[PDB]
Each structure stands twice: as structure tokens, then as C-alpha cells.
Amino acid sequence: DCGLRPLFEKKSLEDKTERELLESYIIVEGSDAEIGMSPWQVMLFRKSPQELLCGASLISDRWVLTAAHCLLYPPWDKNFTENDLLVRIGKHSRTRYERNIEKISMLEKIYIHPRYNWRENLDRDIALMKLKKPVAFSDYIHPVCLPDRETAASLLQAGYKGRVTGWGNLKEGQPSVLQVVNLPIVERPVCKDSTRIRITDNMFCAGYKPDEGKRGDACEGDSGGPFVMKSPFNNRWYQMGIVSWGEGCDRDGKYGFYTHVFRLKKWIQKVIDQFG
Amino acid sequence: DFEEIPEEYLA
Ligand SMILES: C[C@@H](NC(=O)Cc1c(Cl)ccc(NCC(F)(F)c2cccc[n+]2[O-])[n+]1[O-])c1cccc(Cl)c1
């Protein structure tokens, strides 16, 4: 039942911008998300001091996916353990406690990809978090699907648009509610030529080119959040990427880089069937 | 500027 939103697909209702994504299959400068628009959205909340830590996604009743750098990144002295964070699911407002809607869960164990490269280019920027107890699904809480080989091959194409969501900064200040922005996947050569950082096959970049007019990008706080696409084949949402890195936010000629979820699915499967 | 969350989760 993954990727079918209770308030949209389940009732045969469309959100206001999903058509843009479908028409292409042939957070800075975003907008407020609709209620129940991204039911798999997860907020990584730091206990002390209480603050926004990162974004994440719900992939099952007990597993949450995020970016490895959200938990481990020596250059900025970041090394969070299980008890340092909390997971808030079903949220819309950024700062308020949404009583009777959001569900806060504690972390049982964190799993960072063994070959995550924090020293150079954040290669394999992915991590899993197992919750202590299952989260009950609702109209505002629902898991997103993970892509299979076919899904990735047909959807991960330059020009095809995905959707990025988060409570991160609005400029390179903070949003009142969850922000959303649709962005096109960019050709590998363009991604490479836009930066000095060494790009790998475990990442892809997205965002508009300067001559395309439109804009949008993730920014501080959006890290770990999902880059999703709605399959035109089975009408389910799939998480194709994880907000990983960029140079500045929404700069002309620059693009956001996302962890290629399918490329690391082997590792994800391994962790899930072995521990959870 | 985050609203206090229930103590049940913090503990
Ligand atoms: C949230 C933000 N992500 C980060 O801040 C993560 C992050 C970390 Cl942990 C270190 C260095 C950078 N960017 C600078 C960089 F040189 F490129 C870079 C990339 C990789 C490794 C080292 N360096 O130095 N970023 O972007 C982001 C902003 C805008 C778009 C996206 Cl997709 C993501």
C-alpha cells in the first residue's frame, strides 16, 4: 500500500502540482504543502536543544530513511546517537506540537552506510533508523515506496521532474509549514560541469537551468528529506532520492545533489531483513 | 522557537 496517500490517491483526488510531474514524464522558492500531501515526511528533531535536525522519510511502520550526514559529519563535529534525537511523523507546521495529528517516536538503532564518504564528497549519503515501536498509519502518516530497477530506469531521466519537501530555510527565514517544490532531473554532464566536487553514480542532481526561468532548491534543514516521483504506471509515489548536498541554495548555474536511492537499495534490503 | 512537546516522549 506504499505511495498511495490517504487524502489524495486513496480518494482519487489530486494535489495542485502533481500534474506538472506527470507532464514532464514524456526549501527555496517553493510553496506551502497541502494537508496530507507528503504523509511520509519525517522530521528529525534534536532533543537538546530542541531544534530542527533534518528531514527524513517513512518507508515502513518501523523504518525511517535519511541522509547519513544528518547523523554523522566530522567536519562540522556532528555525531548524533539514538538518544540524541526524536522522530516526528505526520507533521505540517514546523515549530508547533500538532496534538492529535503528529506522532513522536524514539529511535532504537541507527544504521549508516559502511562506505558513506564524509571525507570527500558525501558519496553514499544514506542512513536508516529503526523505531522502537511501530507507528500507526493515518490520513497524515503513510509510507512512501522504494524504487525497483524498472521504476528507476523509466523515471530517473533528465527533464523528468521530482518533488522535494522540507522545513529547511527559505533562503541561502524559516517557513511556517512544510514546503514543497518540483524540480527536473538534470543531465549528468551538466551536473558535473556545475561544480568542482567529484560526482559519483550514487548521486544525481536536479534543479532548473538559468535559461529555464523557474527556480527552486533545498537548503539548510532539508537534508535527509525525500525527492519523490509519482509513477505514471501504477500511480504510486516512489522516493528516488535523498536531499544530500549543494553549494549555496538556489544559485544560478548550481544544482542540488541527491542520494540515488535505487543504487543503494541492496544495502537497504540487507539492513532491513537482517535487523528489522 | 519550538513549542514544548509532551514529557512522555522526552523521558
Ligand atoms: C541542505 C544542504 N546540504 C548540506 O548542507 C550538506 C553539505 C555538507 Cl554536510 C557538507 C558540504 C556541503 N556542500 C559543499 C560542497 F562543497 F558542495 C561539498 C559537497 C560534499 C562534501 C563536501 N563539500 O564541501 N553540503 O551541502 C543542501 C543545500 C542545497 C541543496 C541540497 Cl540538495 C542540499
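The chain as shown is numbered from 1 upward.
Every residue gets a Cβ built from N, Cα and C, even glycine.
What Swiss-Prot lists as disulfide bond is A:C54-A:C70, A:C191-A:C205, A:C219-A:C249. Among the features that Swiss-Prot reports, active site, charge relay system is placed at A:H69, A:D125, A:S223. Look at Swiss-Prot and you will find A:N79 tagged as N-linked glycosylation site.
Swiss-Prot feature annotations superimposed on the structure.
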{"residue": "A:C54", "record": "disulfide bond", "Cβ within 10 Å": "27"}
{"residue": "A:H69", "record": "active site, charge relay system", "Cβ within 10 Å": "25"}
{"residue": "A:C70", "record": "disulfide bond", "Cβ within 10 Å": "26"}
{"residue": "A:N79", "record": "N-linked glycosylation site", "Cβ within 10 Å": "10"}
{"residue": "A:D125", "record": "active site, charge relay system", "Cβ within 10 Å": "31"}
{"residue": "A:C191", "record": "disulfide bond", "Cβ within 10 Å": "21"}
{"residue": "A:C205", "record": "disulfide bond", "Cβ within 10 Å": "25"}
{"residue": "A:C219", "record": "disulfide bond", "Cβ within 10 Å": "23"}
{"residue": "A:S223", "record": "active site, charge relay system", "Cβ within 10 Å": "27"}
{"residue": "A:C249", "record": "disulfide bond", "Cβ within 10 Å": "21"}
Filter the candidate list A:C54, A:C219, A:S223 of recorded positions, keeping only entries whose CB is under 6 Å from an atom of ligand 1.
A:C219, A:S223
Interval bridged by 8 absent residues [Cα of A:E172 to Cα of A:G173, Å]
9
Å between Cα atoms of A:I27 and A:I26 (gap: 3 unmodelled residues)
26
Out of A:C54, A:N79, A:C205, give those recorded positions positioned within 10 angstroms of A:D125 (active site, charge relay system), comparing C-alpha atoms, in sequence order.
none
Nearest by CA distance to A:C219 (disulfide bond): which of the recorded positions is it, out of A:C54, A:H69, A:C70, A:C191, A:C205?
A:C54
What does DSSP assign A:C70 (disulfide bond), in three states?
helix
By CA distance, which of the disulfide-bonded residues (A:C54, A:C70, A:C249) lies nearest to A:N79 (N-linked glycosylation site)?
A:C70
What three-state class does DSSP give A:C191 (disulfide bond)?
helix
